[PDB]
Amino acid sequence: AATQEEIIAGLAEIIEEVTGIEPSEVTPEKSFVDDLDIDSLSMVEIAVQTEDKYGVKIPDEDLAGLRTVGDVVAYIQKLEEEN
Amino acid sequence: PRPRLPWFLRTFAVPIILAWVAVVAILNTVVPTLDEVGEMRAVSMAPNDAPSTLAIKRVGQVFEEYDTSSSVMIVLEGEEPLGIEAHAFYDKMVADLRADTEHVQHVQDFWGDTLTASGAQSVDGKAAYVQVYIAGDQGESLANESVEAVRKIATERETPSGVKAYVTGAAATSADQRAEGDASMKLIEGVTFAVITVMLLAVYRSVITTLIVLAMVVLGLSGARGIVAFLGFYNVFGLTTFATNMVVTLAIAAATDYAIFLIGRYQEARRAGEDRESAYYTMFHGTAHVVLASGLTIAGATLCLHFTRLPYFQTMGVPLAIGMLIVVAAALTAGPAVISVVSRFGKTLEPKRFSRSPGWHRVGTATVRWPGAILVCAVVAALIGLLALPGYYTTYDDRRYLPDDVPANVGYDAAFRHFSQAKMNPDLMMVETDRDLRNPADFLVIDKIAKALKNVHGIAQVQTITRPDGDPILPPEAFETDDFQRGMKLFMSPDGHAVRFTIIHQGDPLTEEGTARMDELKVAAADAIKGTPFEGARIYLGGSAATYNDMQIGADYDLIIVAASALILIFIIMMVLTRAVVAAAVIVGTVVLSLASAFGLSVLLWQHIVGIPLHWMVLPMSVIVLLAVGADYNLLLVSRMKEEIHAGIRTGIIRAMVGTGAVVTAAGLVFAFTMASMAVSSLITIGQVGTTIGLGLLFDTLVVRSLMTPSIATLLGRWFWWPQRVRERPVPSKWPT
Ligand SMILES: CC(C)(COP(=O)(O)O)[C@@H](O)C(=O)NCCC(=O)NCCS
């Protein structure tokens, strides 16, 4: 039941530790590989931390599908509403 | 509330540093240097209860000609065949040798006596040798002194034109080995300090912090060498060249590693936005127990050598442990004190490159996301060194392990240019009885014993009273012919209660075939004396072949016992700290597995690339340090894992990787390269042990710690910390606003 803004704040904190990008730079429109220059391996660390701290599990196969912050939230939004 | 111990260290940093430097200076000034103490406190090469030395000593006692167990051979070589002038030179040399009673105990003059002259002369006639029984068992300070005296007597004298005298033998080789090790220790220390200075500059990018870690290293090494010299001088324990070389190198390596650990944790705390006091306290709380356990593991592992049988390994045990304890005490007490007192002054210990660790983030992610593949690859890379086992062979001659110009090596070359190895390594056997064995019956009994010894395969000649020159010589008038008298004097006890045999093998006696032939001759002599009046007699057999047989018998026991003891004790220490059985088992088993890669790399570099096969000593001396240091690195990683595990397994591991990735890699690199720095020594075996430990620790730093143990931890999950109760992942937290 977490809103879009709340997921952004959680992701931004994970972004800061994994990469060092400031939380301000993280918006649902910025792309991981074009704007946020986050490689595939750094995305894996993102999924591991979120799966640990928040419990949202994102497998490796679907990880490549997510491209910007917005669809990651949508993926997380999809998981929580199914419950 | 600051803990009392780091607070005490910080508040009284100056008194602690002053006390440490004063104690170290007193230790280094009161007693002689480590070179002198090691020279005086050299220990015998063979155990005092070895059958070979006991047999040689018994032969000397019953014949009442010497009390020692070791002998050297003086080889005379001339361009032209030796003649009258060479014989006069030899006679004068023998008289002078017998004059020096304290050093030379007995000279077996075979060339001078016409009865056995043909056996002491080369077939070309240009060479002749005499066996001289120097005082003191081989490897002792007395043995080295006697070797030097014999060398001086044989060399520093007038010589006939074209005739040169060389002294060779096992005792001379041991003396030259210890001399070369002590001479090369200075070069080893210089090269080690240069290498660690360069690499500390590379990993710190600041001259001041490099000078600070160099000061800590100097303090630790000086304390270790001082305490070892102080205890050796007062005869607390013996010393060898290996012991001193390992002591200095390990002291430097461990001091550098502990300084690196402490400063790395302090700088990480500073990078995490902490004041100097808080950063210092965090560094202590996060590294003091780790470095204490590292020092304890290394000290105990080296102390495990004290429970072996061979004197060279057994002697190394206590000094290494005491040096390890003193350096860890210096790092634990003077380390934090120095760090505080220098961080109080400006930007002294502040990190220079304010840069994160991206690559460690990547490798942590890889090792926590795909543990199985990385673990399989690491295990395969560790076990790939096992394919070098079939081609692994070890030789026992120390000819190739010393420079080609030492007097022992040139004497060896001169002897082997004219004499076979069997001639230069005769096997001595005697039969001791309670009767006067100067009767014809006893004479053909001795002849039968000689024939029985001869019939054994691999035996060339047997010299005794009946066969003075190896060939058979009964006329009652011949018993007092002034030649049988001399033969009896040279081959029988003065009271006639014992008879001596000089067995010469056919081929190379210094091999496993020679070892089997030793038991063959013992059995043959026992059969010969059976059913004869000589039945109630004791048989003693000795020589170089027997001594090396005893050494070969010992080696397996030493290796197995030290490996097992070090393994158990390291595992116990890891259990005590980590409070987890599975984590300790993983830490120990990982480096146990990496030992295969270490051995494979060593025998690939030496046997195949360099061409000199590994000495029989290198593996027992290397396994202990490899296990200790690799377990220490794994323990540091696991302790950081336990610190960060509150966030949950599989992210605490990543944080441990990014926290103790660069610092521990730098420590592993400095340790591996300072151990590889002993390859510059003239003594090859010292370089072999150093390079073996260096390659093993390189593999441990690069693979078994960065890839093996974290993947094992991720795979085991909650079970890695058993029996401690930990959660695989924390309670899912609500998304922050
Ligand atoms: C690794 C990856 C996510 C794709 O590679 P990438 O992240 O470097 O783009 C995908 O191929 C994968 O899941 N592989 C399984 C493990 C593997 O292939 N290599 C692990 C050692 S890097």
# chains A, B, ... in the order shown; residues from 1 in each chain; ligands from 1
$ residues_near_ligand --ligand "ligand 1" --cutoff "8 Å" --atoms "only C-alpha atoms and all ligand atoms" --output "number ranges by chain"
A: 39-44, 60-61, 64; B: 366-367, 369-370, 373-374
$ interface_residues --of "chain B" --to "chain A" --cutoff "6 Å" --atoms "only C-alpha atoms" --output "PyMOL selection string"
chain B and resi 365+729+732-733+735-737
$ write_last_selection --atoms "N, CA and C atoms" --output "PDB file, in the first residue's frame"
ATOM      1  N   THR B 365      28.595  -7.800  -4.741  1.00  0.00           N
ATOM      2  CA  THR B 365      27.323  -8.115  -5.377  1.00  0.00           C
ATOM      3  C   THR B 365      27.392  -9.450  -6.101  1.00  0.00           C
ATOM      4  N   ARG B 729      17.306 -12.433   6.823  1.00  0.00           N
ATOM      5  CA  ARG B 729      17.023 -11.054   6.470  1.00  0.00           C
ATOM      6  C   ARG B 729      16.224 -10.427   7.601  1.00  0.00           C
ATOM      7  N   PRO B 732      10.833  -6.992   7.372  1.00  0.00           N
ATOM      8  CA  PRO B 732      10.618  -6.030   6.280  1.00  0.00           C
ATOM      9  C   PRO B 732      10.130  -4.694   6.814  1.00  0.00           C
ATOM     10  N   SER B 733      10.892  -3.645   6.523  1.00  0.00           N
ATOM     11  CA  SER B 733      10.580  -2.309   7.002  1.00  0.00           C
ATOM     12  C   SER B 733       9.656  -1.596   6.027  1.00  0.00           C
ATOM     13  N   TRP B 735       8.106   1.437   3.803  1.00  0.00           N
ATOM     14  CA  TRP B 735       8.821   2.328   2.893  1.00  0.00           C
ATOM     15  C   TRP B 735       8.899   3.737   3.471  1.00  0.00           C
ATOM     16  N   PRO B 736      10.094   4.300   3.627  1.00  0.00           N
ATOM     17  CA  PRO B 736      10.220   5.583   4.323  1.00  0.00           C
ATOM     18  C   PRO B 736       9.564   6.718   3.556  1.00  0.00           C
ATOM     19  N   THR B 737       9.139   7.732   4.304  1.00  0.00           N
ATOM     20  CA  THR B 737       8.502   8.907   3.725  1.00  0.00           C
ATOM     21  C   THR B 737       9.496  10.054   3.581  1.00  0.00           C
TER      22      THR B 737
END
$ residues_around --residues "stretch 326-329 of chain B" --least-positions-apart "2" --cutoff "7 Å" --atoms "only C-alpha atoms" --output "list in words"
residues 220, 221, 223, 224, 251, 255, 292, 295, 322, 323, 324, 331, 332 and 333 of chain B
$ residues_around --residues "residue B:461" --least-positions-apart "4" --cutoff "7 Å" --atoms "only C-alpha atoms" --output "PyMOL selection string"
chain B and resi 454+470+503-504
$ residues_around --residues "stretch 27-32 of chain A" --least-positions-apart "6" --cutoff "7 Å" --atoms "only C-alpha atoms" --output "PyMOL selection string"
chain A and resi 38+67-70
$ write_last_selection --atoms "N, CA and C atoms" --output "short mmCIF file (atom, residue, chain, number, x, y, z; two decimals), in the first residue's frame"
data_model
loop_
_atom_site.label_atom_id
_atom_site.label_comp_id
_atom_site.auth_asym_id
_atom_site.auth_seq_id
_atom_site.Cartn_x
_atom_site.Cartn_y
_atom_site.Cartn_z
N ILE A 38 23.69 3.77 -14.31
CA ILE A 38 23.80 2.60 -13.44
C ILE A 38 23.93 1.36 -14.31
N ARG A 67 13.95 -0.26 -16.65
CA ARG A 67 14.89 0.63 -17.31
C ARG A 67 15.05 1.98 -16.63
N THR A 68 13.99 2.54 -16.05
CA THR A 68 14.09 3.77 -15.28
C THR A 68 13.50 3.53 -13.90
N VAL A 69 13.43 4.60 -13.10
CA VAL A 69 12.95 4.46 -11.73
C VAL A 69 11.46 4.19 -11.70
N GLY A 70 10.72 4.73 -12.67
CA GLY A 70 9.27 4.63 -12.62
C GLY A 70 8.76 3.21 -12.69
#
$ select_by_dssp --residues "stretch 638-677 of chain B" --states "alpha helix (DSSP H)" --output "count of residues only"
30
$ closest_atom_pairs --of "stretch 648-705 of chain B" --to "stretch 626-630 of chain B" --cutoff "9 Å" --atoms "only C-alpha atoms" --output "CSV"
residue,atom,partner,partner_atom,distance
B:668,CA,B:629,CA,8.6
B:671,CA,B:629,CA,8.7
B:692,CA,B:626,CA,8.7
B:693,CA,B:626,CA,5.8
B:694,CA,B:626,CA,8.5
B:696,CA,B:626,CA,6.3
B:697,CA,B:626,CA,6.4
B:700,CA,B:630,CA,6.0
B:701,CA,B:630,CA,7.8
B:704,CA,B:630,CA,8.5
B:705,CA,B:630,CA,8.2
$ residues_around --residues "stretch 96-101 of chain B" --least-positions-apart "4" --cutoff "8 Å" --atoms "only C-alpha atoms" --output "PyMOL selection string"
chain B and resi 92+105-107+150+153
$ closest_residue --among "B:664, B:424, B:316, B:253" --to "residue B:678" --atoms "only C-alpha atoms"
B:253
$ atom_distance --atom1 "atom CA of residue B:666" --atom2 "atom CA of residue B:351"
14.9 Å
$ residues_around --residues "stretch 401-416 of chain B" --least-positions-apart "4" --cutoff "7 Å" --atoms "only C-alpha atoms" --output "ChimeraX atom specification"
/B:75,166-168,172-173,176-177,420-421,682-685
$ decode --residues "stretch 8-37 of chain A" --atoms "N, CA and C atoms" --output "tab-separated table (two decimals), in the first residue's frame"
chain	number	residue	atom	x	y	z
A	8	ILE	N	10.01	5.95	-3.71
A	8	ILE	CA	11.12	6.74	-4.21
A	8	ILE	C	12.13	7.01	-3.10
A	9	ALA	N	11.63	7.39	-1.92
A	9	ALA	CA	12.52	7.68	-0.81
A	9	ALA	C	13.33	6.45	-0.40
A	10	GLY	N	12.69	5.29	-0.38
A	10	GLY	CA	13.41	4.07	-0.07
A	10	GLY	C	14.44	3.72	-1.12
A	11	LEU	N	14.07	3.85	-2.40
A	11	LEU	CA	15.01	3.55	-3.48
A	11	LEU	C	16.18	4.52	-3.48
A	12	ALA	N	15.91	5.80	-3.21
A	12	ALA	CA	16.97	6.80	-3.23
A	12	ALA	C	18.04	6.51	-2.18
A	13	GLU	N	17.62	6.07	-1.00
A	13	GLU	CA	18.59	5.70	0.03
A	13	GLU	C	19.44	4.53	-0.42
A	14	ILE	N	18.83	3.54	-1.07
A	14	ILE	CA	19.60	2.43	-1.63
A	14	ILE	C	20.49	2.93	-2.76
A	15	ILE	N	20.00	3.88	-3.55
A	15	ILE	CA	20.81	4.47	-4.62
A	15	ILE	C	22.06	5.11	-4.04
A	16	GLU	N	21.91	5.85	-2.94
A	16	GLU	CA	23.04	6.58	-2.36
A	16	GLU	C	24.15	5.64	-1.92
A	17	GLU	N	23.79	4.52	-1.28
A	17	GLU	CA	24.81	3.60	-0.80
A	17	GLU	C	25.45	2.82	-1.94
A	18	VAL	N	24.64	2.35	-2.89
A	18	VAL	CA	25.17	1.51	-3.96
A	18	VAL	C	26.06	2.31	-4.89
A	19	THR	N	25.60	3.49	-5.31
A	19	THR	CA	26.29	4.27	-6.33
A	19	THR	C	26.88	5.57	-5.83
A	20	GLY	N	26.22	6.23	-4.88
A	20	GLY	CA	26.62	7.55	-4.45
A	20	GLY	C	25.83	8.68	-5.07
A	21	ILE	N	24.89	8.37	-5.96
A	21	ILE	CA	24.05	9.40	-6.56
A	21	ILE	C	23.15	10.00	-5.49
A	22	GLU	N	23.05	11.33	-5.47
A	22	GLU	CA	22.25	12.01	-4.47
A	22	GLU	C	20.78	11.63	-4.62
A	23	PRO	N	20.03	11.58	-3.52
A	23	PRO	CA	18.60	11.24	-3.61
A	23	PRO	C	17.81	12.21	-4.47
A	24	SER	N	18.24	13.47	-4.56
A	24	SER	CA	17.53	14.45	-5.36
A	24	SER	C	17.52	14.05	-6.84
A	25	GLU	N	18.63	13.51	-7.33
A	25	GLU	CA	18.73	13.14	-8.73
A	25	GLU	C	17.81	11.98	-9.10
A	26	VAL	N	17.26	11.27	-8.12
A	26	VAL	CA	16.43	10.11	-8.38
A	26	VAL	C	14.98	10.58	-8.52
A	27	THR	N	14.47	10.54	-9.75
A	27	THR	CA	13.08	10.80	-10.08
A	27	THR	C	12.57	9.67	-10.96
A	28	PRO	N	11.26	9.42	-10.98
A	28	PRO	CA	10.74	8.29	-11.76
A	28	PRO	C	11.04	8.37	-13.25
A	29	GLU	N	11.38	9.54	-13.77
A	29	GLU	CA	11.65	9.68	-15.20
A	29	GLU	C	13.09	9.36	-15.57
A	30	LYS	N	14.05	9.59	-14.68
A	30	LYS	CA	15.45	9.37	-15.01
A	30	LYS	C	15.72	7.89	-15.26
A	31	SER	N	16.45	7.61	-16.34
A	31	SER	CA	16.77	6.24	-16.72
A	31	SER	C	18.04	5.78	-16.02
A	32	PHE	N	18.06	4.50	-15.64
A	32	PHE	CA	19.21	3.95	-14.92
A	32	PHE	C	20.46	3.94	-15.79
A	33	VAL	N	20.33	3.55	-17.05
A	33	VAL	CA	21.51	3.34	-17.88
A	33	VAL	C	21.86	4.54	-18.76
A	34	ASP	N	20.95	5.51	-18.90
A	34	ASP	CA	21.22	6.72	-19.67
A	34	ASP	C	21.44	7.94	-18.78
A	35	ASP	N	20.52	8.20	-17.86
A	35	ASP	CA	20.63	9.37	-17.00
A	35	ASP	C	21.41	9.06	-15.72
A	36	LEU	N	21.10	7.95	-15.06
A	36	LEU	CA	21.75	7.59	-13.82
A	36	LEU	C	22.96	6.69	-14.02
A	37	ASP	N	23.32	6.39	-15.27
A	37	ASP	CA	24.49	5.61	-15.69
A	37	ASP	C	24.76	4.41	-14.78
